[PDB]
Number of protein chains: 2
Amino acid sequence: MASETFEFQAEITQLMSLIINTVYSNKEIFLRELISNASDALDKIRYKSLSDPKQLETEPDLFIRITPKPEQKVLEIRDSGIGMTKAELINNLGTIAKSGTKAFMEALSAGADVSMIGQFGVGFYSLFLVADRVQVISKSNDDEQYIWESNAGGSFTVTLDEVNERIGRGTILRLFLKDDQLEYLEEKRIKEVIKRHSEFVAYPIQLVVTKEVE
Amino acid sequence: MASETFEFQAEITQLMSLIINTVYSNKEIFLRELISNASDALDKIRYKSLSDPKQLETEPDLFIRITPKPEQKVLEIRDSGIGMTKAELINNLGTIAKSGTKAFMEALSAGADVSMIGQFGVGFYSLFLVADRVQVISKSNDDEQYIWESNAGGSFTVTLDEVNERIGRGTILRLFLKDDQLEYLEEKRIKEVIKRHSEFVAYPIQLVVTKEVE
Ligand SMILES: COC1=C2C[C@H](C)C[C@H](OC)[C@H](O)[C@@H](C)/C=C(\C)[C@H](OC(N)=O)[C@@H](OC)/C=C\C=C(/C)C(=O)NC(=CC1=O)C2=O
Ligand SMILES: COC1=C2C[C@H](C)C[C@H](OC)[C@H](O)[C@@H](C)/C=C(\C)[C@H](OC(N)=O)[C@@H](OC)/C=C\C=C(/C)C(=O)NC(=CC1=O)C2=O
């Protein structure tokens with residue numbers, strides 16, 4: 001109970017401003033980046049489990065799952081990857097300077113394509129193209145479940161999780177989509193962009209659709 | 001944190017034994033009863049909201065939703081009805097003698113059909129036909145979210161909810177299905193039985209299916 005606030009490294013809060021206020025037209029690349037991160041966290045736990053099998057027991061199923069929640073205008077990208085501890089959330093998701101942050105921005109300025117973001121190692125923030133608020137719910141075998149939240153301001157909060165479903169292991173990227181990005185709540189659109197830029201994913205990508213029984 | 005244990009009224013733990021160990025063949029009637037209860041809790045909040053509109057604000061959408069969770073061999077029936085407080089869970093779901101409990105059993109003995117259960121006012125326990133463990137996660141506007149759990153023994157537990165997703169208002173019936181009742185995790189089967197016995201439900205019945213993107 002009760003959150004802790006942290007300030008974002010100055011260049012990182014710069015990137016977010018840049019991304020959130022970026023009339024860019026190829027916004028669909030955010031799914032590519034998030035699915036890509038999901039697959040990377042699944043690789044880690046798998047590789048890591050090569051000499052530590054028990055690590056898998058917390059969730060034997062390796063997968064990636066997208067769940068749109070229309071009523072809340074939310075879209076969630078989930079994975080049963082290695083997950084992150086509270087330290088790593090605070091550490092890697094905000095307070096510590098990141099290698100490619102400044103470079104990408106300059107590249108972006110020189111006319112670079114926003115889809116290069118992933119090549120600069122800061123693709124997670126691409127999510128701010130379609131969303132104006134996000135929660136990173138994560139659970140690592142080495143710690144408890146926590147919620148990392150941000151609205152692209154200058155500070156972010158980390159809270160012990162007591163309000164969300166329990167994920168065996170992994171992360172959930174809960175994106176509160178912009179009022180004009182609701183198209184990513186639609187099954188067709190989602191399926192469309194997953195096929196366009198995510199053909200070589202090694203884990204099953206599951207889409208959760210809700211339908212009224214006729 | 002930390003659960004409280006309660007004993008079941010003696011006749012009620014009798015009914016459960018009777019139901020769980022009942023070779024009956026028309027087990028699909030459990031969905032009828034649970035959907036029926038869902039629709040009843042939705043009626044209450046609606047009616048009740050006739051003179052207390054704000055009561056709806058906690059969850060403006062009236063609906064019923066079934067979500068099978070294969071990996072956990074779980075099936076959930078959810079509704080955004082009036083929900084129940086901790087008192088009512090302890091009170092109405094176990095400790096207080098119920099009017100039709102003894103009568104149904106006798107009727108069942110005289111050769112009655114198990115699907116009459118709902119007519120005796122004890123249809124909730126029909127769920128024990130396909131499941132051997134259940135959790136009633138509920139949240140009423142008049143209280144906090146709690147988890148009521150049972151395995152058909154002689155006692156049940158009520159715990160303040162800190163491990164499940166937050167439901168605006170309503171109840172979730174999390175049924176841990178029997179090893180031979182997994183057929184209710186299948187979309188076809190589910191859709192089949194909903195159409196068979198639940199044609200006159202006034203609220204949208206939503207089915208949540210998970211599928212791998214081709
Ligand atoms: C090759 O490694 C990658 C890294 C290094 C990273 C910090 C190491 C990290 O340690 C804490 C874990 O190894 C790893 C399991 C987790 C993630 C990918 C997360 O994905 C999920 N589902 O867990 C993502 O979660 C919202 C979090 C931060 C990502 C940043 C700032 C980014 O923008 N780009 C990157 C993409 C990568 O794949 C990146 O920097
Ligand atoms: C006409 O009223 C009904 C009652 C009276 C009942 C105790 C009053 C109750 O007060 C606490 C609320 O008014 C009501 C909102 C909630 C429910 C139906 C629940 O459904 C959900 N989704 O909330 C069900 O939840 C697992 C709980 C207990 C049910 C029992 C023991 C039963 O087996 N049969 C009955 C079916 C009914 O519809 C029944 O007895």
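Note on naming: letters A, B, ... go to the chains in the order of the sequence lines (proteins, then strands), and numbering restarts at 1 for each one. Just so you know, ligand 1 is whichever comes first in the structure, and atom 1 is the first atom listed for that ligand. Because only heavy atoms are used, hydrogens play no part in the values below, and waters and symmetry mates are left out as well, while side chains stay in.
Ring geometry for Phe156(B) versus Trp148(B): interplanar angle of 30 to 60°, hence tilted. The aromatic rings of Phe104(B) and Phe120(B) sit tilted relative to each other, their planes meeting at an angle between 30° and 60°.
Looking only at protein heavy atoms, the nearest one to atom 34 (N) of ligand 1 is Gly121(A) O, 3.3 Å. Taking atom 4 (C) of ligand 1 as the reference point, the nearest protein heavy-atom neighbour is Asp40(A) OD2, 4.7 Å. Atom 29 (C) of ligand 1 has its closest protein heavy atom at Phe124(A) CB, 4.0 Å. Residue, atom and distance of the protein heavy atom nearest to atom 19 (C) of ligand 1 are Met84(A) CE, 4.0 Å. The protein heavy atom nearest to atom 18 (C) of ligand 1 is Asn37(A) CB, 3.6 Å. For atom 23 (O) of ligand 2, the closest non-hydrogen atom of the protein is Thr171(B) OG1, 3.4 Å. Among protein heavy atoms, the minimum distance from atom 12 (C) of ligand 1 is reached at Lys44(A) NZ, 4.0 Å.
Electrostatic pairing of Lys139(B) and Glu144(B) does not count as a salt bridge here, judged by no charged N lying under 4.0 Å from a carboxylate O. Under the 4.0 Å criterion applied to side-chain N and carboxylate O atoms, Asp161(B) and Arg166(B) are assigned as salt-bridge partners.
Distance alone, capped at 3.5 Å, places no donor-acceptor pair between the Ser39(A) side chain and the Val201(A) backbone.
Within ligand 1, counting atoms from 1 as listed, the ones closer than 4.0 Å to a heavy atom of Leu173(A) are 26 (C). For ligand 2 and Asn92(B), the ligand atoms under 4.0 Å from any heavy atom of the residue are 7 (C), 10 (O), 11 (C), 31 (C). Near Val122(B), meaning under 4.0 Å from any of its heavy atoms, are these atoms of ligand 2: 33 (O). Taking every non-hydrogen atom of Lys98(B) and a distance limit under 4.0 Å, the qualifying atoms of ligand 2 come out as 40 (O).
Residue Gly123(B) places a heavy atom less than 4.0 Å from ligand 2. The shell of residues lying under 4.0 angstrom from ligand 2, judged by heavy atoms, excludes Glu33(B).
Polar contact with ligand 1: absent for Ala38(A) (N/O pair, distance under 3.5 Å). Considering backbone and side-chain atoms alike, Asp79(B) places an N or O below 3.5 Å from some N or O of ligand 2. Considering backbone and side-chain N/O atoms, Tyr125(A) never comes within less than 3.5 Å of an N/O atom of ligand 1. In terms of polar-atom proximity, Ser36(A) is not counted as a contact of ligand 1, lacking any N or O under 3.5 Å from an N or O of the ligand.
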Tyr184(B)/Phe30(B) under ring pair (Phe, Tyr, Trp, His ring centres under 6.0 Å): CA gap, chis, key distance, verdict
CA-CA 11 Å; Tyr184(B) 292 112; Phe30(B) 88 89; 5.1 Å; yes

Report the C-alpha separation of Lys69(A) and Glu76(A) in whole Å, then their side-chain angles, then the decisive distance to 0.1 Å, and conclude whether the salt bridge (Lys or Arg N to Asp or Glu O under 4.0 Å) test is met.
CA-CA 8 Å; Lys69(A) 300 190 183 186; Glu76(A) 308 189 335; 3.2 Å; yes

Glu11(A) and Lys98(A): CA distance, side-chain angles, deciding distance, salt bridge (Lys or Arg N to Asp or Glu O under 4.0 Å) verdict:
CA-CA 9 Å; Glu11(A) 270 114 81; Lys98(A) 253 243 133 208; over 6 Å; no

Start with the C-alpha distance between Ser138(B) and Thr171(B), add both sets of side-chain angles, then the distance that settles side-chain hydrogen bond (donor to acceptor under 3.5 Å, both in side chains), and finish with yes or no.
CA-CA 4 Å; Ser138(B) 191; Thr171(B) 302; 3.0 Å; yes

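Listed by chain and residue number, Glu149(A) satisfy the salt bridge (charged side-chain N to carboxylate O under 4.0 Å, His left out) test with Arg133(A) (two or more places apart in sequence, or in another chain).
Shown here, atom 7 (C) of ligand 2 is in close reach of the protein: a heavy atom of it lies under 4.0 Å off. Protein heavy atoms are found inside the 4.0 Å sphere centred on atom 32 (C) of ligand 2. Contact annotation for atom 36 (C) of ligand 2: protein present (non-hydrogen atoms, distance under 4.0 Å).
Nearest heavy-atom pair across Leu177(B) and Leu75(B) is CD1-CB, 4.0 Å.
Across the listed options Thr85(B), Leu93(B), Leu34(B), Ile12(B), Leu93(B) owns the non-hydrogen atom lying nearest to atom 27 (C) of ligand 2.
With a 4.0 Å heavy-atom cut-off, ligand 1 is reached by the side chain of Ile82(A) but not by its N, CA, C or O.
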